There are 2 protein chains.
Amino acid sequence: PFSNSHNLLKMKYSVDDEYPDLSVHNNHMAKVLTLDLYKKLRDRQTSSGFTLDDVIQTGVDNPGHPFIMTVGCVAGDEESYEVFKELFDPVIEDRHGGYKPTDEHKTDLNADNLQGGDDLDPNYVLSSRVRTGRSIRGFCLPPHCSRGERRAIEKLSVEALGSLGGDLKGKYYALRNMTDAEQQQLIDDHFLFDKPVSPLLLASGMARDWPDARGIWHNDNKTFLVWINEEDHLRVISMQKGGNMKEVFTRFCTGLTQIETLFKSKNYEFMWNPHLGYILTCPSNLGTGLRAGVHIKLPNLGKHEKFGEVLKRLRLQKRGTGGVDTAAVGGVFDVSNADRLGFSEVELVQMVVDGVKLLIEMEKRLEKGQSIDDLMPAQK
Amino acid sequence: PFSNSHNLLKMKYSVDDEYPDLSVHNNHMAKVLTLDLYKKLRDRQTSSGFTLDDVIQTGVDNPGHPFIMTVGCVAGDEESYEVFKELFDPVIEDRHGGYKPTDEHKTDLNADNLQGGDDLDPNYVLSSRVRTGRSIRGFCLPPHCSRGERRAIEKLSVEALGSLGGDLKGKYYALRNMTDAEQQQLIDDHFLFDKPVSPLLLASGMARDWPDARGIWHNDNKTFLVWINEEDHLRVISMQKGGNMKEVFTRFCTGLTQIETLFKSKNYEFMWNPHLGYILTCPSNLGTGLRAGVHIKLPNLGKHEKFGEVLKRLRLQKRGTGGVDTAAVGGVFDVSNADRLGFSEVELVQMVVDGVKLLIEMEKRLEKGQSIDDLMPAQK
């Protein structure tokens, strides 16, 4: 990243002179990078000038921990995954549960294929959401994109979003000219994003020129949200209070379809291929880039010795909730699908719907002091 | 290859597509950059690939505060100051009090030319120090330097330093394998440096690969210190408890002279020219790159209405450092010269010696309830 991407004097130094010191590192890149791989790939560049050193810098700078391995590398453009496939393919295989170079990724954004999920118990599920990321083909990704590229992405995106109507009619809020009131309102809405503070992001060069060409779009109904030029070109989020995951996913799918159609009318499309699905900056987000989740009240499961194992069997994961600061919130979890690549969007939301229903059944048993042993699911 | 393909991508965008949005910025770079200048210069690159976008990136990312001015640009190699002179010359002129493109900077590292300064009252001066930075010619500067360059600098520096003897015999401590006890003791001495946290530095890319090829060298007396590969290739520091600034500067001068001679024996030299003096990453540090200062107890003068004006007249600056349990926050200041370029090293240390002597005289008056108006210095 930064100027060093194109420090021409690297050519006079050897593989041994330039190879990073990854001796205290615990990230996927560092697990894969070898002296021979560095030798083979250090003289290659994508058409936009992205290099191996650019790919790996964040994992050089951020050793990571063993508790939850970080990827340690980024793509700078679409070509990155091809030009540096000898590094990315094993990283992807390790990060995505054995996903091999020969495997196929199926996309499925036909919400009609989702079964049920219109009725997650709202006594437990406070809110439902489905998010993903997209990249616009022909532009570099945020670690590498120029101010010019970023501005072009914002202009195309704003124009497409300004063409949505009906339930998806909305408004754009550029970060650069945001008023205080507007900022506080987006904060109230849980729609604002800030300059990144993660050293994993910052080390990749993605936060350059902040806040130039960054913005927030949302529909008037505040159920469809788009972030422009943050971690990826687009982040798209559908949400609703309550338990109707089916309606949230239906909106998600028709909004992405409508947006894509509008881009296509201007000769733009998303980065996608049948191996990696949708292309994004971080290898962890490939395939679907989809996180479908619920904010759910599970105070008894939360304390249960088997909760982590149940989530794993269901291919789900948890985090706490977070929007703005205030005070502790007892037994409420953000539960979402764990997988991203090698499962379609429909399959992922199906796993959340089916899994959350079982979690609620278990929570109800625990409320009564009943065992949940018989409800332990088989591994999915 | 090793080409600067991304700059060619940017040249396919228009000048105004790529021109940074500096409408809220308070830094020297932003005061000078114009669309026309950007047009003329944006197609250039140094022999290491460094571009105008590379020079200005930190100043785009850090608009600064409307009060204190930041420089907002960096050099990436020696050539940067010439290849982008149309940007750096006006920045330098504004930052350094009218220093013109035609002016000459004189170096003077003959400690015998300092008059007095051997006994600043140690009842007041707790410690005295003289610091500078140096770059080694033939290597890129920290924003840009590759791992290989950085390692080469480390190696050549350690070799030179290992040849110092007598009062300057010392030892090198690389950050990557500093034992905890070692680092606690370097903490104990105020000798350690950490990964930078300044957004001005981080936005320039200088913190890449931390802590690879960074380290500290110091003699056994804990009076001569060299930091390697931090903000500049070398930062050289001479320090003593007490007020014998003359001793401190004498050691500083012969240390620099001895290190330079040893580098020359291996056909390396410091980056220098007769207009900018010693070349360093930040334009604020050119000429001498020198900061001579004392940690001094001035409880009375600290709280006087005129303190600020006295320091200004003396061309000094303060910062509020703290003492052990006896001094602590307690009227203790770090007082140093404000000038860097167009003044020699001897001339700067002389201003510190003479100005601290007068400050102590004023404090002694104030301790007795006496007036200090007749001690007000004329403007230097």
# chains A, B, ... in the order shown; residues from 1 in each chain; ligands from 1
call {"tool": "calpha_fit_rmsd", "arguments": {"fixed": "chain B", "moving": "chain A"}}
result
2.1 Å
call {"tool": "closest_atom_pairs", "arguments": {"of": "segment 275-341 of chain B", "to": "segment 94-118 of chain B", "cutoff": "9 Å", "atoms": "only C-alpha atoms", "output": "Markdown table"}}
result
| residue | atom | partner | partner_atom | distance |
| --- | --- | --- | --- | --- |
| B:275 | CA | B:104 | CA | 4.5 |
| B:276 | CA | B:105 | CA | 6.1 |
| B:277 | CA | B:105 | CA | 5.6 |
| B:278 | CA | B:107 | CA | 8.7 |
| B:283 | CA | B:95 | CA | 8.1 |
| B:284 | CA | B:95 | CA | 6.7 |
| B:287 | CA | B:105 | CA | 6.2 |
| B:288 | CA | B:107 | CA | 7.1 |
| B:339 | CA | B:96 | CA | 7.7 |
| B:340 | CA | B:96 | CA | 7.7 |
| B:341 | CA | B:105 | CA | 6.5 |
call {"tool": "write_last_selection", "arguments": {"atoms": "N, CA and C atoms", "output": "mmCIF file, in the first residue's frame"}}
result
data_model
loop_
_atom_site.group_PDB
_atom_site.id
_atom_site.type_symbol
_atom_site.label_atom_id
_atom_site.label_comp_id
_atom_site.auth_asym_id
_atom_site.auth_seq_id
_atom_site.Cartn_x
_atom_site.Cartn_y
_atom_site.Cartn_z
ATOM 1 N N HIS B 275 21.503 23.747 -0.077
ATOM 2 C CA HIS B 275 20.296 24.546 0.068
ATOM 3 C C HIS B 275 19.436 24.023 1.212
ATOM 4 N N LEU B 276 19.242 22.702 1.290
ATOM 5 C CA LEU B 276 18.363 22.166 2.325
ATOM 6 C C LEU B 276 19.138 21.643 3.517
ATOM 7 N N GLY B 277 20.462 21.637 3.462
ATOM 8 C CA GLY B 277 21.204 20.996 4.556
ATOM 9 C C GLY B 277 20.885 19.513 4.566
ATOM 10 N N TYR B 278 20.761 18.934 5.762
ATOM 11 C CA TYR B 278 20.502 17.485 5.846
ATOM 12 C C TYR B 278 19.087 17.180 5.407
ATOM 13 N N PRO B 283 9.597 18.006 5.655
ATOM 14 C CA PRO B 283 10.178 19.339 5.397
ATOM 15 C C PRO B 283 10.385 20.159 6.659
ATOM 16 N N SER B 284 9.631 19.923 7.732
ATOM 17 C CA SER B 284 9.804 20.663 8.975
ATOM 18 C C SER B 284 11.172 20.404 9.602
ATOM 19 N N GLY B 287 17.627 21.144 7.125
ATOM 20 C CA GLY B 287 18.730 21.988 7.579
ATOM 21 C C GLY B 287 19.639 21.247 8.548
ATOM 22 N N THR B 288 19.331 21.493 9.817
ATOM 23 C CA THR B 288 19.951 20.821 10.920
ATOM 24 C C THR B 288 19.150 19.648 11.475
ATOM 25 N N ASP B 339 13.848 26.943 15.746
ATOM 26 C CA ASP B 339 14.379 26.937 14.387
ATOM 27 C C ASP B 339 15.090 25.663 13.997
ATOM 28 N N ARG B 340 15.106 25.440 12.672
ATOM 29 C CA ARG B 340 15.742 24.257 12.128
ATOM 30 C C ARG B 340 16.650 24.477 10.910
ATOM 31 N N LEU B 341 16.218 25.304 9.994
ATOM 32 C CA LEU B 341 16.757 25.589 8.679
ATOM 33 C C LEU B 341 17.162 27.051 8.551
#
call {"tool": "interface_residues", "arguments": {"of": "chain A", "to": "chain B", "cutoff": "7 Å", "atoms": "only C-alpha atoms", "output": "PyMOL selection string"}}
result
chain A and resi 2-4+6-11+13+17-18+43-45+47-49+60-61+146-148+208-210
call {"tool": "residues_around", "arguments": {"residues": "residue 183 of chain B", "least_positions_apart": "4", "cutoff": "12 Å", "atoms": "only C-alpha atoms", "output": "list in words"}}
result
residues 173, 174, 175, 176, 177, 178, 179, 187, 188, 189, 190, 191, 192, 193, 194, 215 and 216 of chain B
call {"tool": "write_last_selection", "arguments": {"atoms": "C-alpha atoms", "output": "PDB file, in the first residue's frame"}}
result
ATOM      1  CA  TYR B 173      19.288  -3.738  20.550  1.00  0.00           C
ATOM      2  CA  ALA B 174      16.956  -4.758  17.734  1.00  0.00           C
ATOM      3  CA  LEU B 175      13.262  -4.343  18.553  1.00  0.00           C
ATOM      4  CA  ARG B 176      12.347  -7.801  17.233  1.00  0.00           C
ATOM      5  CA  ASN B 177      14.252  -9.547  19.947  1.00  0.00           C
ATOM      6  CA  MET B 178      14.369  -7.157  22.839  1.00  0.00           C
ATOM      7  CA  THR B 179      13.903  -9.146  26.043  1.00  0.00           C
ATOM      8  CA  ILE B 187      11.655   2.486  29.423  1.00  0.00           C
ATOM      9  CA  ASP B 188      13.453   3.273  32.686  1.00  0.00           C
ATOM     10  CA  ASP B 189      15.786   5.524  30.725  1.00  0.00           C
ATOM     11  CA  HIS B 190      13.412   7.326  28.289  1.00  0.00           C
ATOM     12  CA  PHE B 191      15.337   5.644  25.373  1.00  0.00           C
ATOM     13  CA  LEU B 192      12.619   3.442  23.942  1.00  0.00           C
ATOM     14  CA  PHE B 193      10.589   4.404  20.909  1.00  0.00           C
ATOM     15  CA  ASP B 194       7.240   2.583  20.151  1.00  0.00           C
ATOM     16  CA  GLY B 215      16.263  -0.928  16.828  1.00  0.00           C
ATOM     17  CA  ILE B 216      18.195   1.169  19.280  1.00  0.00           C
TER      18      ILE B 216
END
call {"tool": "residues_around", "arguments": {"residues": "residue 377 of chain B", "least_positions_apart": "6", "cutoff": "8 Å", "atoms": "only C-alpha atoms", "output": "JSON, numbers by chain"}}
result
{"B": [310, 313, 314]}
call {"tool": "select_by_dssp", "arguments": {"residues": "segment 327-377 of chain B", "states": "strand (DSSP E or B)", "output": "list in words"}}
result
residues 332, 333, 334, 335, 336 and 337 of chain B
call {"tool": "residues_around", "arguments": {"residues": "segment 119-126 of chain B", "least_positions_apart": "3", "cutoff": "8 Å", "atoms": "only C-alpha atoms", "output": "list in words"}}
result
residues 116, 241, 242, 243, 244, 245, 294, 295, 296, 297, 298, 353, 356, 357 and 360 of chain B
call {"tool": "atom_distance", "arguments": {"atom1": "atom CA of residue 269 of chain B", "atom2": "atom CA of residue 137 of chain B"}}
result
5.7 Å
call {"tool": "select_by_dssp", "arguments": {"residues": "segment 304-378 of chain B", "states": "alpha helix (DSSP H)", "output": "PyMOL selection string"}}
result
chain B and resi 307-314+345-367
call {"tool": "residues_around", "arguments": {"residues": "residue 170 of chain A", "least_positions_apart": "3", "cutoff": "12 Å", "atoms": "only C-alpha atoms", "output": "number ranges by chain"}}
result
A: 158-167, 173, 216-226, 255
call {"tool": "atom_distance", "arguments": {"atom1": "atom CA of residue 68 of chain A", "atom2": "atom CA of residue 195 of chain B"}}
result
23.6 Å
call {"tool": "atom_distance", "arguments": {"atom1": "atom CA of residue 290 of chain A", "atom2": "atom CA of residue 129 of chain A"}}
result
10.3 Å
call {"tool": "closest_residue", "arguments": {"among": "A:351, A:324, A:75, A:69", "to": "residue 337 of chain A", "atoms": "only C-alpha atoms"}}
result
A:351
call {"tool": "decode", "arguments": {"residues": "segment 171-189 of chain A", "atoms": "C-alpha atoms", "output": "PDB file, in the first residue's frame"}}
result
ATOM      1  CA  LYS A 171     -31.909   9.505  -0.228  1.00  0.00           C
ATOM      2  CA  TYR A 172     -28.135   9.873  -0.286  1.00  0.00           C
ATOM      3  CA  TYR A 173     -26.011  11.414   2.466  1.00  0.00           C
ATOM      4  CA  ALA A 174     -22.415  12.125   1.530  1.00  0.00           C
ATOM      5  CA  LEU A 175     -20.058  12.038   4.510  1.00  0.00           C
ATOM      6  CA  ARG A 176     -18.206  15.136   3.202  1.00  0.00           C
ATOM      7  CA  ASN A 177     -21.059  17.532   3.570  1.00  0.00           C
ATOM      8  CA  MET A 178     -23.011  15.841   6.364  1.00  0.00           C
ATOM      9  CA  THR A 179     -24.665  18.141   8.846  1.00  0.00           C
ATOM     10  CA  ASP A 180     -24.547  17.508  12.599  1.00  0.00           C
ATOM     11  CA  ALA A 181     -28.252  16.854  12.749  1.00  0.00           C
ATOM     12  CA  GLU A 182     -28.012  14.406   9.825  1.00  0.00           C
ATOM     13  CA  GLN A 183     -25.092  12.627  11.504  1.00  0.00           C
ATOM     14  CA  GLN A 184     -26.960  12.328  14.767  1.00  0.00           C
ATOM     15  CA  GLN A 185     -30.055  11.062  12.942  1.00  0.00           C
ATOM     16  CA  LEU A 186     -28.065   8.364  11.084  1.00  0.00           C
ATOM     17  CA  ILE A 187     -26.502   7.503  14.458  1.00  0.00           C
ATOM     18  CA  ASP A 188     -29.990   7.224  15.967  1.00  0.00           C
ATOM     19  CA  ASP A 189     -30.943   4.958  12.992  1.00  0.00           C
TER      20      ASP A 189
END
